[PDB]
Amino acid sequence: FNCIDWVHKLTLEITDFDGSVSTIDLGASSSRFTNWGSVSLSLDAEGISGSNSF
Amino acid sequence: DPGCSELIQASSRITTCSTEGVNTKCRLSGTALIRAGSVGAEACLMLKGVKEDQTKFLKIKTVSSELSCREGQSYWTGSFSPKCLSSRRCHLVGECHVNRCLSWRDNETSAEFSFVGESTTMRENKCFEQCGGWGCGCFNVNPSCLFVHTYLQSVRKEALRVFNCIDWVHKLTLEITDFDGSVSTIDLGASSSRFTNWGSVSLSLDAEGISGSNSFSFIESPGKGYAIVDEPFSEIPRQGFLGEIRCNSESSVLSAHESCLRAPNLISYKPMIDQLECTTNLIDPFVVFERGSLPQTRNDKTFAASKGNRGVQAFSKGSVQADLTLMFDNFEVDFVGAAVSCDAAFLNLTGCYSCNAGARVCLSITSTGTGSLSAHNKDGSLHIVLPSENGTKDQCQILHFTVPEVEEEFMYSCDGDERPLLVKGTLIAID
Amino acid sequence: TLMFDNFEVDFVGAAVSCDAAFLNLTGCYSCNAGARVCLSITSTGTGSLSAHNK
Numbered sequence: 017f018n019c020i021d022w023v024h025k026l027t028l029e030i031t032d033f034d035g036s037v038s039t040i041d042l043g044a045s046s047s048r049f050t051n052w053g054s055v056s057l058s059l060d061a062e063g064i065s066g067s068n069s070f
Numbered sequence: 006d007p008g009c010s011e012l013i014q015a016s017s018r019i020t021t022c023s024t025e026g027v028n029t030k031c032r033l034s035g036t037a038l039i040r041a042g043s044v045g046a047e048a049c050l051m052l053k054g055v056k057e058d059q060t061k062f063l064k065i066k067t068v069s070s071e072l073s074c075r076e077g078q079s080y081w082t083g084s085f086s087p088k089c090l091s092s093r094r095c096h097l098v099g100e101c102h103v104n105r106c107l108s109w110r111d112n113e114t115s116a117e118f119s120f121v122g123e124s125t126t127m128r129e130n131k132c133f134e135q136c137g138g139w140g141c142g143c144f145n146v147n148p149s150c151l152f153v154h155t156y157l158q159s160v161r162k163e164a165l166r167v168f169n170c171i172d173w174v175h176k177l178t179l180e181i182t183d184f185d186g187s188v189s190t191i192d193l194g195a196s197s198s199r200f201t202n203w204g205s206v207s208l209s210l211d212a213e214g215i216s217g218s219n220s221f222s223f224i225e226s227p228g229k230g231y232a233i234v235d236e237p238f239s240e241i242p243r244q245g246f247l248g249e250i251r252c253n254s255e256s257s258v259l260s261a262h263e264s265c266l267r268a269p270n271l272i273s274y275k276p277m278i279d280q281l282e283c284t285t286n287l288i289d290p291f292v293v294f295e296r297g298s299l300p301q302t303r304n305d306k307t308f309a310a311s312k313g314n315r316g317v318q319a320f321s322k323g324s325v326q327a328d329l330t331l332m333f334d335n336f337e338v339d340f341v342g343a344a345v346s347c348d349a350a351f352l353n354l355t356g357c358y359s360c361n362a363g364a365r366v367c368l369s370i371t372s373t374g375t376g377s378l379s380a381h382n383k384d385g386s387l388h389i390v391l392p393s394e395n396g397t398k399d400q401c402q403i404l405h406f407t408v409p410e411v412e413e414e415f416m417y418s419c420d421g422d423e424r425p426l427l428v429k430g431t432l433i434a435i436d
Numbered sequence: 880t881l882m883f884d885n886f887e888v889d890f891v892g893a894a895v896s897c898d899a900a901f902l903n904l905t906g907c908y909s910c911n912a913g914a915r916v917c918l919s920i921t922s923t924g925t926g927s928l929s930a931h932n933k
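If you read the sequences in order, they're chains A, B and C. Numbers given in our numbering equal positions in the first sequence, counted from 1, plus 16. Numbers given in our numbering equal positions in the second sequence, counted from 1, plus 5. Numbers given in our numbering equal positions in the third sequence, counted from 1, plus 879.
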């Protein structure tokens, strides 16, 4: 395979209010599914370009 | 305090009258041009019947100067979250085949997820292969199947509608008071026309109206303000851009209907034997909606929200010098034969002379019945019209002068009997 | 960006008093990592320690 764009992903271990923990991740500006709701990013100023020849 | 300013009399070419028993009504069918008033002033038009007491008025007040937009291209967008399913199927069980899974289409119906329902959402069907045999959890040694039913849904609660502008139409919020007393508030811009009770009004010559708006797009929210984007409008929703998922209506975004236009190759898939993690790369619209929210500062125009209708206006300075066209469509104007006399009294005078705004004046009208007031100077240059009723009020309007030492005798009359009246006051010089 | 989608969070008032103690304070100031601090929390019931300055 190949990589056309590197998405900066941040693995987050969200802990709910009752005490339950959930290990998820957020990349660029994606969303997931948690018990309390959904979480997303806002700023993502990090990436690697020019990986089309690999 | 502001009232009639440019007050002229209508011509007899498009105005006819007729007497039918003490009641002389008059028709109005034609086009007439009049100078538009300044900010606050009115563009009243005096209508004379067959005598002197028969005098009406058509108040057209000018609120302020606005720069409305001309909507042409718009679409509904918003944030979404993929909610995919998974169901691992062993080989030689049901519809599990290697050629069927490797050549699996997107909109191909499957008998595995046939129990959920044929919903009308942005759905798709995928398939993958894993491992088989007794070491994994199947019978045959061939790799098992992996049916994936992915459908999009609205995870948030609100939506957004992104539109653009092509030209800043100089809209003027112009309300019109009919002859009977009904007030109709409409708007005019560039060369558009509206439908009123007396006929139809439109804008003639437009002085301002700057272009240069195709390189910017606006974002509208149902109840969170407006915004601005420093990027031209996007035509086709390409992959990897703000606006790749667009719809047509608000319900298509709040309910995530299947009639929304989306870009292919967006929902990723990370199979993990039994687990599944489907992710996308949709750009959050609230980020751009929050970084650049109105009001802002662009060149020299104050962008804000428009009043009344749903649109984006723009504040800009400048005087008023346009014209208005009054197109009549056969309207009947009647008036009583005998009116009620009135008594006027001077109050104060403060404003400007030879100015566009015009000096304001107030008179103490004291009468016992309803009707109208008709006053004028000596040479017939200036005219004064004010509504009269039972009691003692203080009707105010705008008067124009060309001298700081205002001293002109007026002749006011509410039924035919004129009475002298003198005014005075010091004005200032301003353009 | 924490997107809450109508989630119920309940809590019973009137908790149990606690008594903490100071341990150490190392790290950095005006830094992206942030200085760390540890406290010897000694309580008898399950709850939280809401501490503030003046």
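Note that CB positions come from ideal geometry on N, CA and C, so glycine has one too.
Check                                                                                                                              : Outcome
Any non-hydrogen atom of the ligand GDP closer than 7 Å to residue 280(B) Cβ                                                       : In the structure on display, the ligand GDP does not appear, and there are no ligands present to speak of.
Where the stretch 44 to 69 of chain A meets chain B: residues whose CB sits under 9 Å from a CB there                              : 44, 45, 46, 47, 48, 49, 53, 54, 56, 57, 58 and 59
Bridge-paired residues (DSSP) for residue 192(B)                                                                                   : 178(B)
Coil, strand or helix - residue 354(B) by DSSP                                                                                     : strand
CB contact flag (residue 391(B), residue 427(B), <8 Å)                                                                             : no
DSSP state of residue 296(B) mapped onto helix, strand, coil                                                                       : helix
Cut-off 6 Å between Cβ atoms - residues of its own chain near residue 184(B), not counting five sequence neighbours on either side : 61 and 338
Selection of the stretch 131 to 161 of chain B by Cβ proximity to chain C, strictly under 8 Å                                      : 160 and 161
CA nearest to the CA of residue 929(C), picked from 904(C), 907(C), 899(C) and 886(C)                                              : 899(C)
Residue 258(B) at chain A interface by Cβ criterion, 8 Å                                                                           : no
Three-pair Cβ contact test at 8 Å for the stretch 129 to 142 of chain B versus the stretch 39 to 55 of chain B                     : no
C-alpha distance - residue 66(A) paired with residue 298(B), whole-angstrom precision                                              : 33 Å
Counted within 10 angstroms of its Cβ, other Cβ atoms place residue 891(C) as buried (16 or more) or exposed                       : exposed
Nearest residue (CA-CA) to residue 249(B), options 222(B), 229(B) and 287(B)                                                       : 287(B)
is_contact[residue 888(C), chain A] using C-beta, thresh 8 Å                                                                       : yes
Min CB distance residue 902(C) to chain A below 8 Å                                                                                : no
DSSP bridge partner residues for residue 400(B) (one or two, in chain order)                                                       : 368(B)
Extent of the continuous beta strand (DSSP E) run through residue 424(B)                                                           : 424 to 427
Below-8 Å beta-carbon distance, residue 881(C) vs any chain A residue                                                              : yes
Beta carbon proximity, residue 314(B) to chain A, threshold 8 Å                                                                    : no
Close beta carbons around residue 66(B), own chain, < 6 Å, minus the five adjacent residues each side                              : 47 and 180
Chain C contact for residue 33(A) (CB, 8 Å cutoff)                                                                                 : yes
Cβ-based burial, residue 362(B) [other Cβ within 10 Å; buried from 16]                                                             : buried
Cβ pair residue 90(B), residue 118(B) closer than 8 Å                                                                              : yes
Short CB-CB distance (under 8 Å) between residue 898(C) and chain A                                                                : no
Check whether residue 224(B) and residue 234(B) have beta carbons under 8 Å apart                                                  : yes
Residues near residue 305(B) in its chain [Cβ-Cβ closer than 8 Å; skip 5 each side]                                                : 321
Nearest neighbour of residue 15(B), chosen from 178(B), 49(B), 7(B) and 371(B) [CA to CA]                                          : 49(B)
Beta-carbon gap between residue 96(B) and residue 169(B) smaller than 8 Å                                                          : no
Spatial distance of residue 23(A) from residue 256(B) (CA atoms)                                                                   : 32 Å
C-beta atoms of residue 149(B) and residue 93(B) nearer than 8 Å                                                                   : yes
Anticipated Cβ contact below 8 Å, residue 50(A) with residue 38(A), distance rounded                                               : 6 Å
Rounded Cβ spacing between residue 258(B) and residue 159(B) (contact assumed at less than 8 Å)                                    : 7 Å
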